[PDB]
Structures are given as C-alpha cells and as structure tokens.
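Chemist: Order-wise, the sequence lines are chains B, B', A and A'. A prime marks a further copy of an entry chain.
The opening position of the first sequence corresponds to residue 116 in the deposited numbering, with each subsequent residue numbered one higher.
The opening position of the second sequence corresponds to residue 116 in the deposited numbering, with each subsequent residue numbered one higher.
The opening position of the third sequence corresponds to residue 8 in the deposited numbering, with each subsequent residue numbered one higher.
The opening position of the fourth sequence corresponds to residue 8 in the deposited numbering, with each subsequent residue numbered one higher.
All C-beta atoms, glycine included, are put in the ideal place defined by N, C-alpha and C.
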Amino acid sequence: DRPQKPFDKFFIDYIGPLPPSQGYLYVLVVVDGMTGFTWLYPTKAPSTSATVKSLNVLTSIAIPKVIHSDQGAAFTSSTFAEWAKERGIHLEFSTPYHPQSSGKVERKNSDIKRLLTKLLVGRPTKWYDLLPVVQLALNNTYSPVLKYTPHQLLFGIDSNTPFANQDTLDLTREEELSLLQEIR
Amino acid sequence: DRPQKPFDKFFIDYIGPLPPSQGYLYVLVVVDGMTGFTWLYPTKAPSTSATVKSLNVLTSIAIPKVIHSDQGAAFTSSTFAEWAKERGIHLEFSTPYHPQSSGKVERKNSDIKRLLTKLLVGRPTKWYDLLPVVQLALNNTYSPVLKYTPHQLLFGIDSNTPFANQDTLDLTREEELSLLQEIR
Amino acid sequence: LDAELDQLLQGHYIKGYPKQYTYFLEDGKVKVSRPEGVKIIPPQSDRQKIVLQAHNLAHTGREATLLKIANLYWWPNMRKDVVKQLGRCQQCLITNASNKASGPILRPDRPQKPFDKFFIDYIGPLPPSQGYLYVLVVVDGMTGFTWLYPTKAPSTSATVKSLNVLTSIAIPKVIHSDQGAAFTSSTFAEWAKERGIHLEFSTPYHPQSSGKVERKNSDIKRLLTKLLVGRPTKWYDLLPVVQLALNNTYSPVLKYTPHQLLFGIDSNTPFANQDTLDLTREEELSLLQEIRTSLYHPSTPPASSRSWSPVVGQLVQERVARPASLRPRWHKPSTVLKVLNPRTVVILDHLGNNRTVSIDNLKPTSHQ
Amino acid sequence: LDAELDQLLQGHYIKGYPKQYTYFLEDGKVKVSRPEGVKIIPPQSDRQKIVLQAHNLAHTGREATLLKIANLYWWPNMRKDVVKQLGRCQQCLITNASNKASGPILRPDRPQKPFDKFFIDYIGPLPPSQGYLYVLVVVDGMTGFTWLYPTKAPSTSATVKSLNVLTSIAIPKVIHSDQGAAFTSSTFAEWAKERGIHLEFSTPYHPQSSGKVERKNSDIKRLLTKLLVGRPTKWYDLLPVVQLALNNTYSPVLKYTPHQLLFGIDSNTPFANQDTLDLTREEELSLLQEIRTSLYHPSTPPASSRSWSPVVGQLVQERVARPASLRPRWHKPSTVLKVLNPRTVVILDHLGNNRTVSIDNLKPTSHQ
DNA sequence: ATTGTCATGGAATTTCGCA
DNA sequence: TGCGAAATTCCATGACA
DNA sequence: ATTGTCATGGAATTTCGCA
DNA sequence: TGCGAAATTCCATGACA
Ligand SMILES: CCN1C[C@H](C)n2c(c(O)c3c(=O)n(Cc4ccc(F)c(Cl)c4)nc(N4CCN(C)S4(=O)=O)c32)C1=O
Ligand SMILES: CCN1C[C@H](C)n2c(c(O)c3c(=O)n(Cc4ccc(F)c(Cl)c4)nc(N4CCN(C)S4(=O)=O)c32)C1=O
Ligand SMILES: [Mg+2]
Ligand SMILES: [Mg+2]
Ligand SMILES: [Mg+2]
Ligand SMILES: [Mg+2]
Ligand SMILES: [Mg+2]
Ligand SMILES: [Mg+2]
Ligand SMILES: [N+]
Ligand SMILES: [N+]
Ligand SMILES: [Zn+2]
Ligand SMILES: [Zn+2]
Numbered sequence: 116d117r118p119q120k121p122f123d124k125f126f127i128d129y130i131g132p133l134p135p136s137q138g139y140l141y142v143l144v145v146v147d148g149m150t151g152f153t154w155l156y157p158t159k160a161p162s163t164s165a166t167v168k169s170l171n172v173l174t175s176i177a178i179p180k181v182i183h184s185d186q187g188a189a190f191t192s193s194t195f196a197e198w199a200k201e202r203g204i205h206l207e208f209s210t211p212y213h214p215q216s217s218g219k220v221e222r223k224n225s226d227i228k229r230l231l232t233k234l235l236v237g238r239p240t241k242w243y244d245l246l247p248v249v250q251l252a253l254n255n256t257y258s259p260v261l262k263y264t265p266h267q268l269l270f271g272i273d274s275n276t277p278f279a280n281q282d283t284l285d286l287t288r289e290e291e292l293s294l295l296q297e298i299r
Numbered sequence: 116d117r118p119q120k121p122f123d124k125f126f127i128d129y130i131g132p133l134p135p136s137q138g139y140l141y142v143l144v145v146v147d148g149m150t151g152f153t154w155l156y157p158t159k160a161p162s163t164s165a166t167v168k169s170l171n172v173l174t175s176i177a178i179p180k181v182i183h184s185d186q187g188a189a190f191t192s193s194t195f196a197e198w199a200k201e202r203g204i205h206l207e208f209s210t211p212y213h214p215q216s217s218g219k220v221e222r223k224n225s226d227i228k229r230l231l232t233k234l235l236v237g238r239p240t241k242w243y244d245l246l247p248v249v250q251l252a253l254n255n256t257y258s259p260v261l262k263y264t265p266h267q268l269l270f271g272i273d274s275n276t277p278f279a280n281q282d283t284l285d286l287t288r289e290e291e292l293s294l295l296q297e298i299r
Numbered sequence: 008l009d010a011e012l013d014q015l016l017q018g019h020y021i022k023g024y025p026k027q028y029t030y031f032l033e034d035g036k037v038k039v040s041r042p043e044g045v046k047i048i049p050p051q052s053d054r055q056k057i058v059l060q061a062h063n064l065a066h067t068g069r070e071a072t073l074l075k076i077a078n079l080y081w082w083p084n085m086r087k088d089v090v091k092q093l094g095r096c097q098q099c100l101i102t103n104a105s106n107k108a109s110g111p112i113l114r115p116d117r118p119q120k121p122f123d124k125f126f127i128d129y130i131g132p133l134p135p136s137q138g139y140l141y142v143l144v145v146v147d148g149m150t151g152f153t154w155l156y157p158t159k160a161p162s163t164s165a166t167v168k169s170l171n172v173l174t175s176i177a178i179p180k181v182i183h184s185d186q187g188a189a190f191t192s193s194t195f196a197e198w199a200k201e202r203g204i205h206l207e208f209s210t211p212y213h214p215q216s217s218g219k220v221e222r223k224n225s226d227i228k229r230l231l232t233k234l235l236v237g238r239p240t241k242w243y244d245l246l247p248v249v250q251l252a253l254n255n256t257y258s259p260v261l262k263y264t265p266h267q268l269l270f271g272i273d274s275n276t277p278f279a280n281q282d283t284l285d286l287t288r289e290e291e292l293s294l295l296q297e298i299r300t301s302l303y304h305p306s307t308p309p310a311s312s313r314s315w316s317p318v319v320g321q322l323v324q325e326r327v328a329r330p331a332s333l334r335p336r337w338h339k340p341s342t343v344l345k346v347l348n349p350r351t352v353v354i355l356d357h358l359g360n361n362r363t364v365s366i367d368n369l370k371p372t373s374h375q
Numbered sequence: 008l009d010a011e012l013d014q015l016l017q018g019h020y021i022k023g024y025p026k027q028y029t030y031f032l033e034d035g036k037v038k039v040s041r042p043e044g045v046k047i048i049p050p051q052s053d054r055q056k057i058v059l060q061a062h063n064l065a066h067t068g069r070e071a072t073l074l075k076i077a078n079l080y081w082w083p084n085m086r087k088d089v090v091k092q093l094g095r096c097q098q099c100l101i102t103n104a105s106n107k108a109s110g111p112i113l114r115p116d117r118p119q120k121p122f123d124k125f126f127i128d129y130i131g132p133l134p135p136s137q138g139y140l141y142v143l144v145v146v147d148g149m150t151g152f153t154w155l156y157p158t159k160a161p162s163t164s165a166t167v168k169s170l171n172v173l174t175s176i177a178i179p180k181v182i183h184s185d186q187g188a189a190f191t192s193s194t195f196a197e198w199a200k201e202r203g204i205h206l207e208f209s210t211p212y213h214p215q216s217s218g219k220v221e222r223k224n225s226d227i228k229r230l231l232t233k234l235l236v237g238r239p240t241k242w243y244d245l246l247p248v249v250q251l252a253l254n255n256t257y258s259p260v261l262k263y264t265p266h267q268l269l270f271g272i273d274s275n276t277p278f279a280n281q282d283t284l285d286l287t288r289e290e291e292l293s294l295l296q297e298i299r300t301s302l303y304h305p306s307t308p309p310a311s312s313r314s315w316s317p318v319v320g321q322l323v324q325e326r327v328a329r330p331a332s333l334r335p336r337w338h339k340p341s342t343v344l345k346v347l348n349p350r351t352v353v354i355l356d357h358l359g360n361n362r363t364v365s366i367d368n369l370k371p372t373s374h375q
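Below, the structure written as structure tokens:
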C-alpha cells in the first residue's frame with residue numbers, strides 16, 4: 116500500500132445556520148486528509164447548488180481523488196453525483212448517524228468550530244470578512260502528531276505568516292456570560 | 116557673364132477679365148525665362164492679394180531670383196514688394212507703355228493667349244478645368260529656336276505626354292462666326 | 008490494436024517495440040517496464056483519442072503534449088502521433104504565432120527618371136487646422152521630390168482635385184499606393200485611365216511596399232513637430248514651408264537634395280549650390296543625367312537564421328488584418344498559387360479567391 | 008572676427024587656416040580658393056548665425072546642415088560649430104529619435120520560494136461577459152502558478168476583494184505590479200501594510216519589468232481564443248478552466264508544470280504524473296526542494312553593437328508616455344542621479360523631481 | 001525607490017537499439 | 001564501437017495594450 | 001496582379017597638411 | 001612616407017497609424 120498524499124481525499128461538511136453576514140449563513144468546510152489543510156467557503160444554504168458553486172472554485176486549483184462526507188442532502192443528491200463523475204472524483208459517505216474521518220480531520224474540524232465560535236461572539240455578524248484570517252490561522256497551526264503545519268506539508272516551505280502565538284481557543288468569563296446573553 | 120538658367124527670371128502677367136469659371140475671372144501667367152516653362156493660376160481678381168496667394172503656391176516649389184512684370188497695380192504695390200523682399204526676390208519692371216521680355220517669352224505669351232481663345236470658344240465657362248491640359252500642351256510644345264521643349268529643359272528628360280500633334284492654334288470658320296455671335 | 012498486442016505478450020517480436028524490454032499484462036492492460044518507470048501501451052485504435060485528450064487540456068504544442076502522455080503511456084514513435092494531431096487542430100493553427108521569420112527584404116531598383124513612379128499616401132487624422140484633417144503626400148520615386156496637399160478627408164474626390172493640380176506640371180507613368188479606399192475606388196481608376204497613368208497597388212496592410220512615401224511621412228511629421236513646439240498645432244499654413252524645406256534638404260548618402268535630382272540646379276533658396284554656374288544648361292543637364300544613374304543603391308540584407316521562403320503549393324496562412332478581441336490572429340490555411348518574387352505570393356484562400364499578399368502577412372502552416 | 012581675417016589677407020599664418028591656399032578680398036568679403044571651388048570665409052562673429060540659418064531650414068542634423076553651409080562658406084572646423092548648435096536646439100533634441108540601443112536585458116533571479124513574489128496585472132477591457140470586462144491575473148514568481156479573477160473595472164476595490172480571496176491560502180512577501188491606478192492608490196498601500204506585504208512597482212510604462220505576469224497574459228488570451236473559436240466570446244465561465252489548464256501545463260524548458268513546482272505532486276487531473284507514488288510525502292517534499300533549486304536560469308544576452316549604458320551625471324531624456332499628435336516624443340533633458348543597475352536609473356527632471364525610470368524609456372542627449 | 005518571459009516547432013545534437 | 005533513426009535539447013521568433 | 005526607406009550621430013576609415 | 005587630427009564615410013537604430 117502506497118503512502119498518503121495531498122489531494123488523496125478531501126473531507127467536506129457544512130456548518131450552520133449562522134448569524135447572517137453579507138447575506139451568508141453557512142460555511143462549507145474542506146479539509147485535505149493528508150496535510151490537514153483547510154479551505155472555507157461561505158454559502159447562503161447547504162444545497163447541492165451552493166456546494167457545486169463553491170467546489171468549482173476549489174477544484175479550479177486542485178482536484179481530489181476522493182471526496183468524503185456524511186449523508187447530508189447536498190452531498191447525496193444525484194446532481195452532486197453527476198458533478199463528481201464529470202470530474203473523475205469518487206464520492207465517499209460515512210454510514211448514517213456514524214460520522215468518521217481520521218484523528219487529524221476530527222481534531223481539525225473541532226478547532227474550526229471552536230475557532231469560529233470564539234470570533235463570532237462580540238461580532239456575530241462580521242464573520243464573512245474574517246474567513247481569510249481564520250484559514251491562515253488553521254493552516255499555520257502546528258500539528259502535535261507531525262512536526263509540521265498544513266502549509267508546510269502542502270507547499271514544502273515555511274509560511275510568511277507564522278502563527279507563533281498558539282491561542283487559548285477557550286472562552287473568557289467575559290465571552291461566556293455575553294454569549295449566554297446573545298441568544299437570549 | 117554666366118549662362119542663363121532656370122529660376123533666373125520669372126515673367127508674370129495677368130490675363131482677363133474672362134467669362135466666369137467656378138467663380139474665377141483671371142489667369143496669372145508665369146513663364147520661366149530660360150526654359151520657357153509655364154505655370155498658370157486662376158484668380159478672382161488681378162490684386163496683390165491674389166498674386167501673393169498664387170505665387171506662394173509656385174514659390175513653395177521653386178523660387179526665382181528675379182520676377183519681371185509690367186507696372187500693373189498688383190505688381191507695384193508695396194505689399195507685393197514686401198513679399199518679394201521676404202523671399203530675397205528682386206523685382207523688375209518694364210517702363211510704362213513699353214513692355215519687354217525676350218523673344219522666347221513674347222512668343223510663349225502669344226501662344227498662351229491664342230491657345231486660351233481657341234479653347235474658350237464653344238465652352239467659354241469650362242476653362243478652369245482645362246488649365247492643367249493647357250499647361251501640359253504649352254510645356255510639351257517643341258521650341259523652333261532650341262531643339263527642346265520646356266519640360267525637357269526643366270527636367271532633363273522626355274515627357275510622358277508628348278504633344279506630337281502640333282495644333283493649328285487658328286480658328287476654323289465655325290469658331291470665327293460663332294465667336295462673333297458669342298459676345299453679341 | 009489487440010491483434011498487435013497479443014503477439015507481443017507471448018514474447019514474439021514486432022517492429023518498433025524493442026525486444027530488450029519485458030511486456031506484460033496487469034489490470035487488463037498491456038504494460039512495459041521502461042527506464043522512466045512502467046507505462047501502459049494502449050492499442051493502436053486508442054492512440055489518436057489519447058493524443059487528442061492530452062492536447063486539448065490546454066492546446067499545447069509538441070513537447071508539452073508529449074510530456075502529458077508520457078506520464079501514463081508509451082508506444083513506438085509517440086511524437087509522430089502528437090504532430091499528426093497538431094497539424095489537424097484548426098484552433099491551434101489559426102491562433103498560434105509563427106516562429107519563422109520572413110526572408111530578407113527586396114531593395115527594388117530606384118525608378119530611372121523623375122515622373123516614372125509616384126508613391127502616394129495619406130497622413131491623418133491630424134488635429135483640425137483651418138478645417139483640414141489629412142495630408143495627401145505624393146513622392147516622386149526617382150528624386151524623392153515631394154508634394155503636400157491638405158484635405159478634409161482621405162477621399163478619392165480630394166485625391167483627384169490635388170492630383171489635377173500636381174499633374175499640371177507633368178504626368179507620371181505609374182502611381183503606386185496602398186489599398187486605401189481613396190485609391191481603390193473605380194472613380195480613381197477612371198481618372199487614371201483617362202490620363203494614361205497605370206495604378207500599381209501595394210499588397211494589403213504592408214506599408215513597407217509604399218516605403219518611399221511612408222518614410223517621407225516621418226520627415227514631414229518630424230519637421231511639423233519641431234516647428235509647432237510651444238505653439239498650438241496650426242499646421243495648415245506650414246505645409247508649403249515644410250514641402251519646400253524637405254525638397255531642398257540633402258540626403259547625406261546621396262549628397263543631393265531632391266530638388267537637385269529633379270532640376271539639376273538649385274532655385275533661389277538659402278545656401279544655393281553654385282558649382283554649375285559656368286556650365287551651360289545643356290552641360291548642366293548632361294552632368295545631371297550622369298548623377299542620376301550613379302546614385303547609391305542599397306542591397307538585400309543577410310537572411311535571418313530562421314527565415315522561410317514560399318514554395319508553390321505550400322500551405323500558408325494570411326494574417327487577420329484587424330482581429331477582434333479574443334479572436335484568432337490568422338485565417339484558415341491556403342495554397343501558394345504563384346511565387347511572384349521571394350517576398351510576394353498569390354494565394355488561393357479556401358473561398359476560394361486569388362489574393363496577392365506580402366510574405367510578412369504570412370506564416371507557413373505548421374506540421375504540414 | 009575682422010582682426011583674425013586682416014592678418015590672413017596680408018599673407019601671415021593663423022592656426023587652423025592652411026598656409027598653402029591663397030586667401031583674397033573680393034566684393035568686400037574674404038574668400039579662399041579650395042579644391043571644391045571658391046568659398047567665403049566669414050568672420051568668427053558671423054559663424055554662429057550662419058550655422059543656425061543652415062540648420063533651421065529643415066532642422067537637419069550634422070551632415071545635412073554642413074552640406075548646406077559648405078555650398079557658400081568655408082572656415083576651420085565647421086562641424087564643431089555645427090555640432091555646437093545641434094546640442095542647443097531644443098526642438099531637435101526633444102523631437103529626433105535615438106539611434107543608440109539599450110544595453111542587454113537583466114534576467115533577475117527566480118524567486119527562491121512560492122509566495123516570495125507575486126506579479127499582478129490587468130487584462131482588458133475584454134468584450135462584456137456576465138457584465139465583467141477585466142481579468143486580474145496574479146502569478147507566483149517561483150512557480151508560475153496563476154490565479155484569475157474577473158472584474159468589472161481595473162480598480163483597487165476589485166483588486167482588494169480578489170486578493171482577500173487569494174491570500175486566504177497564503178500571504179506573499181512581495182507583490183510586484185506596474186503603476187496602474189488600481190495598485191498605486193493609497194487604499195491599496197494600506198491594504199498591503201496591514202498584511203506585512205511589501206509593494207514593489209515596475210518603472211513606469213515598461214511592462215517587461217512585470218514580464219512574468221505579462222507573459223502569462225499571452226497564454227491566457229491564447230487559450231481563451233482557441234476555446235471560443237466559432238462561438239460568442241462568453242469568457243467569464245471559462246476563466247476557471249483556463250486557470251486549471253495553464254497551472255497544469257508543462258514548460259518544455261523546465262519539465263514541470265506550475266502545479267508541480269507548487270505542491271510537488273499532481274492532483275486528480277488528466278495524465279497525472281505517478282513518479283513519486285512510492286515516496287512518503289516527506290521524501291516527496293525533499294525531492295521538490297531539490298527540483299526548485301536546480302531549475303534552468305537564462306543569462307543576460309550579448310549587447311548590440313550600438314548600445315549605450317547610463318553613467319552618473321549624464322544628460323538623458325525620458326520618453327513621453329502618451330504623446331499627442333504633432334508633439335515631441337521626448338521630454339527635455341535631465342540628469343542621471345543614481346545608476347540602480349545597468350538597466351535602471353534615477354533621474355532629476357528639470358522640475359525637478361526624482362524619477363525611477365527604465366533605460367528603455369531613455370535616450371542619451373545628443374552632442375553632449 | 002529597481003530588473004523580461006517563455007510556448008513554440010524545425011534543426012542540431014545526443015542517445016538508443018542492435019550488433 | 002559504429003550505424004540509422006528516434007528522442008531530446010536548442011533556440012530564434014514573437015506577443016504579453 | 002508585385003517588391004522598404006532613409007535621417008541620424010557616434011565610430012571607423014580615409015584624407016589632409018606638413019614635413 | 002609617416003604623423004596627428006580633421007573630414008568623410010559607414011551603418012545600426014528606429015519610425016513612417
Ligand atoms: C486602410 C489602408 N491602410 C492600411 C494600414 C492601415 N496602413 C495604411 C498606412 O498608410 C499605414 C501606415 O502608414 N502605417 C505606418 C507604418 C508602419 C510600419 C511600417 F513599416 C511603415 Cl513603412 C509604415 N501603418 C499602417 N498599418 C497599421 C498596422 N498595419 C495594419 S499596417 O497596414 O502595417 C498603415 C493604409 O492606408
Ligand atoms: C496604465 C499602466 N500601464 C502602462 C501601460 C499602458 N501598460 C500596462 C500594461 O499592463 C501593459 C501591457 O501589458 N503592455 C503589453 C506589453 C507590451 C510590450 C511588452 F514587452 C510587454 Cl511584456 C507587454 N503594454 C503596455 N504598454 C502599451 C505601450 N506602452 C505605453 S506600454 O507601457 O509598454 C502596458 C499598464 O497597466
Ligand atoms: Mg454534516
Ligand atoms: Mg499686364
Ligand atoms: Mg495609407
Ligand atoms: Mg502610411
Ligand atoms: Mg497593466
Ligand atoms: Mg500588461
Ligand atoms: N526592381
Ligand atoms: N536578481
Ligand atoms: Zn489545439
Ligand atoms: Zn533644430
């Protein structure tokens with residue numbers, strides 16, 4: 116069996132609904148399996164249409180051999196299947212109610228959700244603009260398991276934005292009590 | 116004393132009034148002394164102004180050392196004198212009532228008047244258009260005294276329009292009796 | 008196809024498939040073990056479709072297309088199949104640039120006499136002056152002597168009015184011009200025939216052919232520019248001055264002014280040459296005839312190392328004259344009917360019309 | 008003046024006036040008998056005015072001006088006086104063309120890493136597609152990897168929206184661009200400073216300096232053209248396809264695609280290279296670092312025989328960028344302050360501003 | 001204060017298959 | 001150790017407004 | 001059925017003045 | 001029959017949309 120590589124498998128999923136930001140409500144999350152590299156796309160809905168429009172952008176840069184998702188409607192539609200077939204992408208689904216990735220991807224998705232929650236509180240509506248910096252953070256975050264960031268593993272170089280200040284990622288007593296009075 | 120040359124002396128004079136042609140009434144006649152070459156210019160009047168406008172065209176091609184004319188008003192005005200001075204042209208006048216050129220120029224001026232009279236009768240109003248061909252005729256007319264046409268003497272070559280049919284230049288019994296019933 | 012490939016698997020020899028490599032089956036496909044790695048040998052009946060797929064990714068040429076195919080496949084003489092497809096890609100043939108230079112220019116003989124040949128052209132539009140916008144420039148081929156006429160438009164009728172004034176002095180045998188509307192109209196042809204003047208036209212969109220007059224345009228504009236520095240561009244009243252100034256300017260290579268070549272003696276202009284003051288006009292015209300025949304003539308320059316020269320029956324492509332945005336720069340291929348000279352050809356254009364065309368507006372169609 | 012010329016008449020010797028010729032008086036003017044004939048020797052106090060008159064007839068250069076003067080006059084070292092005047096004719100200096108070529112181009116080192124340097128530029132206007140008219144083209148210097156963004160205008164705000172999408176992947180150290188309005192605005196400077204990106208600008212009107220991106224523009228248009236043959240120019244929906252197609256096309260000289268230089272492994276595109284299937288990613292990234300440093304680098308070409316190279320304190324002239332009709336093609340002379348490299352200089356322009364300028368937009372001022 | 005580039009297809013050169 | 005032909009490399013040409 | 005040209009100013013070469 | 005400098009010739013460069 117051959118070693119794992121970038122573009123071997125992309126793991127996709129939606130996050131939301133969120134508070135509106137420039138009329139966007141969801142984030143399509145894409146994480147490369149081997150490198151842990153993350154791409155994010157704002158959408159207006161978790162539809163096959165929004166998925167296709169978003170992945171069209173990403174796949175104009177690199178095409179995965181396999182896309183893996185849970186059995187979300189958007190990902191199981193025959194339109195999305197056509198789209199993948201046109202591009203020679205094999206689609207992969209986790210069994211219903213039993214989502215599975217790998218340790219790396221699970222951990223990365225955890226960070227993504229946590230990092231979003233942390234920056235939305237205090238400005239729940241400014242998140243659209245923050246997506247670029249969220250991604251740079253995620254991709255320049257050091258991997259405990261491998262000695263390298265996703266950036267390093269994707270490009271074979273150091274980044275020009277080292278995030279040498281690994282953040283708390285937790286909520287301060289300020290952010291906790293004012294997040295409980297945000298949706299209240 | 117040095118031999119005679121083209122541009123040594125231009126002999127100028129007006130002819131008219133004539134029947135109107137495209138609103139023109141006069142012809143300014145210019146004949147180079149040495150070659151017998153003739154340039155013709157239609158004018159609206161025998162004025163210093165019309166002379167200057169016309170000679171400006173000719174002198175943008177070649178400038179004479181001397182202009183010779185009779186004592187016509189147009190040629191004796193101080194404006195015309197200024198014009199000649201600007202251009203380093205010496206002006207020359209024949210005494211009043213005693214016009215003098217040379218044999219060659221006298222003969223050429225004779226032809227010009229006769230050739231005009233011949234072509235105006237029958238179409239006294241179409242002469243403006245005929246000026247180009249009148250000149251080619253005059254300039255490609257063989258000189259009894261020298262073995263050469265003015266064209267040959269000015270350019271040192273044969274012309275592409277030889278006028279090998281030396282014309283009668285006289286009036287037919289048709290042209291005589293219908294010229295006497297033209298101004299009648 | 009499967010015929011050839013079967014014989015190969017059972018160890019037999021086929022021409023083009025080197026015997027020293029081991030050919031095998033795997034995943035239902037004939038493979039071979041090459042220094043670069045293991046490649047699939049597709050059946051001959053597959054190869055065309057493969058080359059096309061490789062080529063069509065970005066409409067790549069020989070090597071870039073080959074490098075794609077070589078990633079997965081091997082077969083004998085792959086580039087021949089690559090080149091075969093390139094020669095059949097209409098889109099590549101009409102869009103790609105040429106990479107071969109034209110043969111070295113001709114230096115046509117200077118016309119022998121004044122008035123043998125006139126070269127004419129329009130300059131403009133210029134900024135309006137007195138309501139004029141263009142200049143008709145007429146240049147005698149032998150002398151370089153020049154006439155200038157301001158016009159409101161580059162039209163036949165204005166060309167005709169001006170030439171009627173000019174031809175008052177003398178009628179030329181030939182008038183040479185590019186194919187502008189003013190000179191190609193039948194009204195202009197009639198005007199010319201009426202006077203025994205033969206019209207001779209440049210190959211289209213090749214102002215080098217009207218080089219004589221084109222070069223004088225430059226001097227005309229250059230002098231106009233100098234004279235207008237710091238003033239508004241009132242050029243109308245300057246045309247006469249420029250005409251006179253240029254006709255009386257020396258060409259350092261010739262050592263004569265165009266006026267001198269035309270008349271054999273300076274008129275009353277500043278710094279008039281006095282060298283023939285003691286000759287008779289006859290003696291003067293004799294020296295003039297001599298000067299006219301001994302004038303320096305340039306010769307054809309060395310060819311570039313990658314020039315091409317036209318051959319009867321060769322496929323060639325005419326340059327598109329005023330191509331639109333995102334549209335091909337070349338017409339579909341055509342055939343050289345006649346080779347008029349090494350820089351001029353007649354082509355049959357697929358419509359098919361006869362067209363006389365400059366080599367500079369051609370490329371040889373690639374890959375035959 | 009009359010001083011010098013008096014001594015000469017009475018047979019005495021003066022430096023510069025060869026003694027072997029007989030100098031005499033006639034018509035109130037000092038004359039001399041030269042092989043070419045008899046010329047007038049004007050007094051020194053006259054000579055300047057004479058040269059000027061000769062020159063001004065048609066603003067002629069050295070030999071054509073001299074030939075006029077030589078018609079009537081002789082004096083020692085006439086050309087020195089001719090050249091003196093040419094160097095002082097503002098109109099000639101700012102209107103004439105240069106006749107010296109620039110020194111041979113630099114081939115700057117390829118940036119060492121992806122994301123070290125971005126080259127950016129606009130293409131357009133194109134025919135409207137989906138209401139878009141321009142394309143922002145961003146090219147990574149090391150890899151040649153390219154990003155395409157359709158815009159309605161070549162504006163800062165559209166540049167900023169696009170770069171925010173791009174820089175999501177990675178932030179470059181330097182962005183290089185020409186001096187178009189989109190990139191020189193302070194809004195764009197602020198956007199860049201905010202991200203630690205250094206802006207580096209081409210010398211003005213010298214797209215060779217943005218060569219990397221300019222060259223990719225060509226390929227972009229070339230591929231768009233091929234794809235649109237026989238169809239209406241609906242290019243908007245094609246940008247993604249073109250981007251992908253070009254980023255995965257081999258450069259025959261390099262033997263790599265820009266994607267390969269960027270990631271060290273093909274993604275799931277047609278004819279993906281399989282050569283590193285058995286390496287670990289680590290081994291792969293190690294081979295990639297090696298490939299990146301051993302890439303072919305071109306060198307500076309041989310100088311032309313008549314090139315010129317800038318020297319501190321030399322008088323030079325900047326090319327006028329968008330000269331009007333009948334207006335000079337060159338600015339008034341200026342002074343080389345610093346020679347940044349053999350192809351780039353800083354000049355002081357008579358206003359006087361400091362301007363960093365390409366040698367290609369300069370000529371050395373003639374006659375000193 | 002900055003700086004040309006690189007796809008292209010015939011030709012030239014090198015390598016390959018075989019002996 | 002050398003041949004004929006295929007493969008690869010070389011590199012002028014031209015276009016990025 | 002047609003086809004580059006020629007001013008320009010440093011550099012290269014030739015000629016000139018004198019011996 | 002030869003020197004130093006002036007004169008002349010050579011010729012790449014660039015622009016005629
Ligand atoms: C409509 C008839 N016409 C055709 C074209 C427009 N033309 C033209 C005319 O007088 C032209 C010029 O003077 N120059 C200037 C020029 C350029 C290079 C060169 F080497 C030389 Cl001796 C001159 N260019 C022209 N051209 C624009 C580009 N090409 C399309 S083009 O044909 O080469 C041109 C016409 O009258
Ligand atoms: C307004 C800021 N600008 C300045 C000019 C308009 N420019 C430009 C830009 O992108 C450009 C180009 O791509 N090309 C094409 C090109 C031509 C030759 C060449 F070698 C390469 Cl590499 C490219 N030409 C441009 N130029 C027109 C003529 N010159 C005035 S120019 O500057 O050379 C140009 C800008 O954005
Ligand atoms: Mg889900
Ligand atoms: Mg009278
Ligand atoms: Mg024209
Ligand atoms: Mg023209
Ligand atoms: Mg630009
Ligand atoms: Mg550009
Ligand atoms: N010829
Ligand atoms: N460099
Ligand atoms: Zn193609
Ligand atoms: Zn001047």
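Under 6 Å, CB to any heavy atom of ligand 3. Which residues pass, going along the chain?
Modeler: Taking each Cβ in turn, the ones that pass are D128(B), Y129(B), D185(B), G187(B).
Chemist: At a Cβ cut of 7 Å, what residues of the segment 267 to 284 of chain B count as close to chain A', listed as they run along the chain?
Modeler: Cβ contacts with chain A' come from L268, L269, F270, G271, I272, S274, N275, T276.
Chemist: From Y257(B) to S136(A'), what distance separates their C-alpha atoms?
Modeler: Taking the first residue of the first sequence as 1, we reach residue 257(B) at position 142. Taking the first residue of the fourth sequence as 1, we reach residue 136(A') at position 129. Approximately 43 Å between the Cα atoms of the pair.
Chemist: Using the beta-carbon of each residue, find all residues closer than 6 Å to any heavy atom of ligand 9 and list them in chain order.
Modeler: Any residue whose Cβ sits closer than 6 Å to a heavy atom of ligand 9 makes the list: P115(A), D116(A).
Chemist: With 8 Å set as the bound, which would you pick, yes or no: does the beta-carbon of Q250(B') sit closer than that to a beta-carbon of chain A?
Modeler: Here residue 250(B') refers to the residue found at position 135 when the second sequence is read from its first residue. By this cut-off, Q250(B') is an interface position.
Chemist: Can you give me the C-alpha to C-alpha distance between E297(A') and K120(B), rounded to a whole angstrom?
Modeler: On the fourth sequence, position 290 is the one that residue 297(A') refers to. On the first sequence, position 5 is the one that residue 120(B) refers to. Straight-line Cα distance between these residues: approximately 19 Å.
Chemist: Counting only beta-carbon separations shorter than 8 Å, does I176(A) have a partner in chain A'?
Modeler: As a first step, residue 176(A) must be located in the third sequence, where it is residue number 169. Closer than 8 Å: no.
Chemist: Alpha carbon to alpha carbon, how far is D356(A') from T342(A')? Give it in angstroms, no decimals.
Modeler: By 1-based counting over the fourth sequence, the position of residue 342(A') is 335. By 1-based counting over the fourth sequence, the position of residue 356(A') is 349. Taking the straight line from one Cα to the other gives about 7 Å.
Chemist: List, in chain order, every chain A residue whose beta-carbon is nearer than 7 Å to that of residue 379(A').
Modeler: This structure gives no information on residue 379(A'), because the portion of chain A' shown stretches from 8 to 375.
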